[PDB]
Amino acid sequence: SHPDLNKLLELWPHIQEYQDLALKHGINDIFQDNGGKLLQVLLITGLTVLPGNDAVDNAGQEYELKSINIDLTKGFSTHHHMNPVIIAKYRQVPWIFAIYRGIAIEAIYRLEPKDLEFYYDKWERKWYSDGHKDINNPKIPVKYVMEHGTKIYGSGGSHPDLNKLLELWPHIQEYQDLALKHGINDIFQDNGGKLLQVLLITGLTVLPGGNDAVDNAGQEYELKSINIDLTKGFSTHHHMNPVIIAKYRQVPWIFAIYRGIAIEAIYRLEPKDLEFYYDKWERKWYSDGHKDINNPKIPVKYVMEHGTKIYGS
């Protein structure tokens, strides 16, 4: 019947084991904030993640941890509001840089505070050059980290759970391939592993970015989601206005409710069911002097009261 959904179900228990392992190690969601990726790093390095600094080893030393997906960028980001209070903090600890390729760890580099000074100087000298102005997310090149860092290998310092991660790895690999077959680049970012569940359940195909998804018949949709244990309102648009609304009003919306890494429920609302929001938002736009609205929310209770449940109990 549905071979891709069958595959998910058959891979699921191991996704759940991987989630369990991430939780044990201080990572709340594998399918969000590089959760499934950070776990590899923590297990290889022997590090304890901090919920100030990002991690601590068993000797009590603390670290800054930065990471990139080489498939997308070559610069490690830093701090959006770069100041000398930030910089003096930075000079106190070694840094761990992680280089992922897709969902896989490709390299880990350690830099001591002296190997980074070149950036602390050019950052605080140009803070003053421009007079008391905070820098916006300045980059440290991967090339620089590779040149001055000491690369870290799996070793005697790695956590015993590294072998449990290794045993799970092949199923995670295949799950990621499944996501990619369905247009999701990374199961461990942007709720990728959850979204895949939504697409397999609904039969929706994502639209490369227009609207978010399309069914077999050619009908298109806006597709929104929340982690219900974290929030009770669905996001819409950071620059809400009449133009965004005229696009929205032409399609049904799909609303996915995740709890943990699992899909709890899916609802569908037709354009007529959202007219209350379009109207609310247009008047607000005008009332404020033709001013864009910053991500106004649709409450899950509204969605549950007016929508049709396509999945859940």
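Counting begins at 1, following the sequence as shown.
Asks: With respect to the deposited sequence, how many residues separating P51 from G52 are not represented by coordinates: none, 1 to 3, 4 to 9, or 10 or more?
Replies: Unresolved stretch here: 1 to 3 residues.
Asks: What is the count, as a class, of unmodelled deposited residues between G209 and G210: none, 1 to 3, 4 to 9, or 10 or more?
Replies: According to the record, 1 to 3 deposited residues lack coordinates from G209 to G210.
Asks: Decide which of the stretches 165-173 and 83-91 has the higher mean C-alpha B-factor, going by the entry.
Replies: The deposited B-factors put 83-91 ahead on the C-alpha mean.
Asks: For the stretches 121-129 and 224-232, which has the higher mean C-alpha B-factor as given in the deposited record?
Replies: That would be 121-129.
Asks: Quiz for you: based on the deposited Cα B-factor, which of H182, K194, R110, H239 is highest?
Replies: The listed residue with the largest C-alpha B-factor is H239.
Asks: Per the entry's Cα B factor values, which of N136, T202, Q189, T150 stands out as the maximum?
Replies: Out of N136, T202, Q189, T150, the record gives the largest C-alpha B-factor to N136.
Asks: Classify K24 as lowest, middle or highest third according to the C-alpha B-factor given in the PDB entry, relative to its own chain.
Replies: It belongs to the middle third of the chain when residues are ordered by C-alpha B-factor.
Asks: Taking the chain's C-alpha temperature factors as the reference, tell me which third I257 falls into: lowest, middle or highest.
Replies: It falls in the bottom third of the chain.
Asks: Among the modelled residues of this chain, does the Cα B factor of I293 put it in the lowest, middle or highest third?
Replies: Its C-alpha B-factor, which the entry lists for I293, ranks in the highest third among residues of this chain.
Asks: Can you tell me which third, lowest, middle or highest, the CA B-factor of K272 falls into for its chain?
Replies: Middle third by C-alpha B-factor.
Asks: Select lowest, middle or highest to describe the third in which the CA B-factor of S1 falls within its chain in this entry.
Replies: For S1, the deposited C-alpha B-factor lands in the highest third.
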